[PDB]
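*Asks:* One structure follows; several queries about it will come next.
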Amino acid sequence: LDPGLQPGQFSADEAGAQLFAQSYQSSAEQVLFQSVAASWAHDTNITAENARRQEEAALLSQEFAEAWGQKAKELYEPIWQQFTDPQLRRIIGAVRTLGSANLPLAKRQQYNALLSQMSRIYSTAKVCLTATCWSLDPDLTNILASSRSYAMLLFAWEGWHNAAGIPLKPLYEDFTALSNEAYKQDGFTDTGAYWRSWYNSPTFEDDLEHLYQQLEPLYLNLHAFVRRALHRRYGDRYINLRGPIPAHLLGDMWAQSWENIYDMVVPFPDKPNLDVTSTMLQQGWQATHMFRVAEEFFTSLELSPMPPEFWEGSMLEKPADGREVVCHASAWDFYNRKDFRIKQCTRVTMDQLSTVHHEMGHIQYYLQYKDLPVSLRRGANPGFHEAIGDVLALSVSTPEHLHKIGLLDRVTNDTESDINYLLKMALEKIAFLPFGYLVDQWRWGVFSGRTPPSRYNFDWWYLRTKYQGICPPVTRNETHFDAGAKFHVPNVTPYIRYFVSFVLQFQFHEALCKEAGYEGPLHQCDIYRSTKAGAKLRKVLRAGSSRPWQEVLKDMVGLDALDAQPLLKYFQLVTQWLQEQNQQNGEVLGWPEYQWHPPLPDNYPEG
Ligand SMILES: *[C@@H]1O[C@H](CO)[C@@H](O[C@@H]2O[C@H](CO)[C@@H](O)[C@H](O)[C@H]2NC(C)=O)[C@H](O)[C@H]1NC(C)=O
Ligand SMILES: *[C@@H]1O[C@H](CO[C@@H]2O[C@@H](C)[C@@H](O)[C@@H](O)[C@@H]2O)[C@@H](O)[C@H](O)[C@H]1NC(C)=O
Ligand SMILES: [Cl-]
Ligand SMILES: [Zn+2]
């Protein structure tokens, strides 16, 4: 470690911690920057040499973390948590968690290489027919979104899960062991316990389970209504009205958002078409327009525009030179208070416009907290970070807003149009909830050893069936590693944040809508141009992780806890409608034929 980056001496006291945190921040930006930069260079241009550079950068970060971590423990391990300065306690608490820097050098290098190889496998996996091969984004994504051929959907689903998941399994086992070895040295029973600790709630798992109990009936009704729609297209051979839905038929590789099958389920087809994708295409929208439109919503609230560095540095389309890249959308803070970027293989669709807002929400958070101490440059919890852009996107997707931006000519305000809109939003928001909940239940079980390698797939599918009510369309066994075919697993990005965000965003939306002076139905609120809503949101953003999330939330929405009631209020009309429709249609709610799997197509896979 460069002498300039090494820790000096400080008194074994609070006033010493302060000068310590200051000296840390002075070097930590440089170390954070070099790491993020090396990661960027790799993720926008996956080469062996870029992976090598990224591993060396990670090693340097671990040296830094070890040196500053050991020093924090040297001076404070017996005494440290009684500091009067709460922000200083949070800074120190973070510095002293070494994580993978607890590993001896050889195991650090093993750990860093496993992360690089898992990233490479996921982001370069292909499905091959011909000598021609399909990438996940855009090719397989487009098949899942727009093919209605059971056999073709099956080819893409099986192809992807086999190509990504199978080779990842042995690496993921090794990663899990090393990760646990690392975090056990910080005092945590396993890595999952460390991830859950970010929510600073002793009742976190119970609180989540109680939220889900309130949400589950909404999902069960949406599921039954959708299953019926699919039965009408695919027939009795491929859809069991009392069994799980085949996992490839819901518009999305993970069945996690069902927005792409909106045309099959839309209750009132003769009302305005709320999927504006075809209008974006007809109008000639490109990625640049989508980002500028998202930016203008932020500036309408008197939040910050995207800086020149963002426009100059970002990767907003998949490179056309055919470079391998990580296409999964992400937002980047380089920790130098200047560089902030999005890396997105943007496609011209309505859902992608939502994703642009999601990512830009991350960037806005970064811009607003850039001057806090580097340890406090995080969301009040990770769920807050995931919610910011989604909240704006709730206003953007309203038929009233879409009209304002030239994407929906017809204006209607009637009960059928409301049901259509709420059903569309339910396909995006309600359909996700079981998935958002289950992914880290799976991973917490892996980290804890409740799910050893011999049960990775068995337990994955148990949870997928339990929560989502889906089944794999071909037989799976433990050679398969279907959890690994979801970005966040090989890229070691925690998932519970998304479940938390999907609840939180409605709490935020309700609060901002009230602040805006809006007095109509919550689902028709548009906060566009509300500088009062902007100011309330800015308060959250500027806090970073400097204060307890429960207090930040209380200041914002008037309650110190996650609460499903705003989500339930938002969806109330369609919740009631779906329940009525399912009863009238004689549906079974749930999937009591839990063993059921669809047959294979007759000529599969030939053709
Ligand atoms: C992608 O990464 C590679 C390195 O892994 C870059 O290749 C280097 O490019 C620089 C500047 O053009 C050269 O001077 C080196 O000789 C190159 N090294 C190798 C190993 O080829 C490549 O330029 C990067 N491409 C993009 C588009 O950023
Ligand atoms: C796991 O499954 C692998 C391939 O799937 C199998 O063959 C396809 C065509 C289907 O018939 C499917 O039902 C079968 O499971 C096998 O190559 C592999 O042997 C299986 N793993 C173990 C340990 O048996
Ligand atoms: Cl999280
Ligand atoms: Zn995000």
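For chain A, we keep the numbers from Swiss-Prot: what you see runs 30-158, 162-639, in order.
Method reported for this entry: X-ray crystallography, 1.5 Å.
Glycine too: its Cβ is placed from the backbone N, Cα and C atoms.
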*Asks:* What does Swiss-Prot give as the disulfide partner of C165, choosing from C157, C359?
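*Replies:* Of the candidates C157, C359, the one Swiss-Prot pairs with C165 is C157.
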*Asks:* Of the residues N445, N523, which is given the N-linked glycosylation site tag by Swiss-Prot?
*Replies:* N445
*Asks:* Considering Cα atoms only, can you say which of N74, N509, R529 is the nearest neighbour of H390 (Zn(2+) 1 binding site) among these recorded positions?
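*Replies:* Considering only the listed recorded positions, the nearest one is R529.
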*Asks:* Out of the recorded positions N74, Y231, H520, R529, give me the one sitting nearest to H394 (Zn(2+) 1 binding site) by CA distance.
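*Replies:* Checked the recorded positions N74, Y231, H520, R529; minimum Cα distance to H394 (Zn(2+) 1 binding site) goes to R529.
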*Asks:* Near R529 (chloride 1 binding site), how many other Cβ atoms are within 10 Å of its Cβ?
*Replies:* 24
*Asks:* Among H390, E391, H394, please name the recorded positions whose Cβ is nearer than 6 Å to ligand 1.
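*Replies:* By the Cβ criterion, which requires under 6 Å to ligand 1, there are no hits.
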*Asks:* Cβ within 8 angstroms of the Cβ centroid of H390, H394, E418: which residues besides those meet this for the Zn(2+) 1 site?
*Replies:* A363, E391, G393, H417, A419, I420, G421, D422, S533
*Asks:* Across the 3-residue break in this deposited model, measure the distance from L158 to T162 using their CA atoms, rounded to a whole number of Å.
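*Replies:* Across the 3-residue gap, Cα separation reads 6 Å.
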*Asks:* When you rank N74, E391, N445, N509, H520 by Cα distance to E418 (Zn(2+) 1 binding site), which of the recorded positions ends up on top as the closest?
*Replies:* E391
